[PDB]
Structure formats: C-alpha cells, structure tokens
C-alpha cells in the first residue's frame, strides 16, 4: 500500500527493466498501465498481474501517445506517475559507422518519445500532484565506447529531467530520473549474443561493477517506487543504480 489508489504508466513495460518497474508498482498497490509497442510481453504481464493492464503504444507515434493518455484517464480516472522507460541501445558502432539518420531515429525513441508522453501527461499530473520518472543511463554522465548516438540520447534525458523539474516545481510536479548501469535484461542479453564470445562479454559486464554482478530490473523498480511514493523533497535528481561502476580506477 505505499502507492495505493495511484495510477502509473510505464512505457517499454512488456519486458526487461520496464517489466520490473511494472511489477514493483503493482506490488506497491498502484494500478499500472503497461505501454509497449510489442504485444507479446505486455499482454502476458496483464494476464499475470491484477491491477496491471496493457495498452499497445509506440512512443514515437504521437497519436499513439495521445490515445495512451486518454485511455488511462477514461479507464482509471487519474494519472499519478509516468515512467519513461521505452528506449533502445544499438549494437556497438564506431563513430565513423554512425549516421545522422540513425542518430535522429535514436533521438526519436530515447528522447522525443519521453518528451511527448511527459507533455501529454503533465496536465493530469498537475491535478494529482504526480511525478515523472525518466530511465536514463550511467553512460550519459560518464560516456561509453562505441555508442556516441546512444550516449548523446541519455545525456539529453538527464539534462531535460533537470530543466523540467525547474519548470514544474511551482506546480507541485516532481521530475526525476534513474541512471542504471549494467542491468541484466533481454537487451543486454541480445547485445551479448552479437559478441564473438558472448559469455566473455557477460563476464566482463559483471566485473565492470565493484559489487561484482549486474543489476536486476526489480532493483530499478524499487528505486522507481521510492521516487514516486517517498521522495517528495527530491526533484531533478539522477538516482544511480549502477553497483558502483562509476567509482574508482579501472581498465580503459
């Protein structure tokens, strides 16, 4: 019951971190609208979780987002929290292998998709003194090799989170982000499978953290529920969920 009576929209909620966030909020008593552009994960989740329902929505299609918000209000009567988790990490690409076209496409998903849902949802979040939680990345703050476009998209997300927190603070709407590090998800697993030695890549990924393992979507979920339900003097913050990857010297 930490977030009972509340209504939460999670984008990219059908698998991975989003699915962990969906589960965290349901376990806290909220009703959750799972947004995802693929049917498979989200529809199963909705069958599994009383209190979660699934609405197909591609966050890069404005009308989809418009319909997502209006369906949430029509079905549930309020909107308290928006979690902008939908995003993608391309495979490793050297700078000269990137293109301005792929860059823009990544910006559409990772940055503009977050911007659009937030914009359409803020009128309802103002009425509920709700809050916005963006899922960014540690590599927006510290960089990453072979990921110029992706790093750039997360740099904008973290900064935009602080700018929005300024604009919306007079209206009681808090805006925060979570910067996860290595989190074991289908995306991390997909990228590993494209490496020459997948198990070497995964073992390297675990050791990149002092804690010696990768994170779990459930641990990002717990951070998200904290930001929504118990962090009322927190706005514009970047909550690091990284196992300490940013600390200390390493092999670069």
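Residue numbers count along the first chain shown, from 1.
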60-68 versus 196-204 - which carries the larger mean C-alpha B factor in the record: 196-204
Of 90-98 and 175-183, the stretch whose C-alpha atoms average the higher B-factor in the entry: 90-98
Top Cα B factor in the deposited entry, candidates 165, 159, 120, 135: 120
Modelled-residue ranking by C-alpha temperature factor, third containing residue 48: middle
CA B-factor placement of residue 211, once the chain's modelled residues are sorted into thirds: highest
Third assignment of residue 34 from its chain's C-alpha B-factors: lowest
Lowest, middle or highest third - CA B-factor, residue 224: lowest
